[PDB]
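Single chain ahead, by itself, as structure tokens, in the form deposited in one PDB entry.
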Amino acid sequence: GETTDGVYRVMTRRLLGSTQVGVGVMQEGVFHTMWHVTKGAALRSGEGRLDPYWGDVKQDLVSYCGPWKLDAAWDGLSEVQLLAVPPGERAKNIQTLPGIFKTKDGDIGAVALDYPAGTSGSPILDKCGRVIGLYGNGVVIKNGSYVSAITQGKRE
């Protein structure tokens, strides 16, 4: 299979035609995506197989072939870029200043950008190109607009 670092679409042929159900990140030989995209199922890459290695429904994250590798964090001050990979459309960078989700367990950065559900798993990056989390788990606010958490894992 292709193991080059980068952003990848997650596709299925179960439904009509070829459908994009989400997106993920290949880094240091590990594939990273949101749990709701794959439901923890195995994936194919060419003639190769990627087996799940770690996942957690509450974090809404899953890694394949090895442990979660992404550990960069939003600085809480600067603009970031969503590298949106929408279904049937070219990868495109969108720059934005995150808002914040305030929870009983601490604050999380959030991006107010609305893409189709199959864009879930697209990476959010800092100015050094480091992945500070994945887009796709969020909430629908008063006005009906979507706001995603910047969801990041823990590197053991």
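Quick note: we count residues from 1 along the sequence shown, nothing fancier.
Beyond what is shown, the protein has a form solved in complex with a small molecule; the following relates to that form.
Asks: Examine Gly40 and determine whether its closest non-hydrogen atom to the small molecule in the deposited bound form is within 4.5 angstroms.
Replies: Yes, contact at 4.5 Å.
Asks: Please check if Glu28 has a heavy atom lying within 4.5 Å of any heavy atom of the small molecule in the deposited bound form.
Replies: No.
Asks: With the cut-off set at 4.5 Å between non-hydrogen atoms, does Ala117 touch the small molecule in the deposited bound form?
Replies: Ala117: yes, in contact with the small molecule in the deposited bound form.
Asks: Does the small molecule get within 4.5 angstroms of any non-hydrogen atom of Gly136 in the deposited bound form?
Replies: So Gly136 counts as contacting the small molecule.
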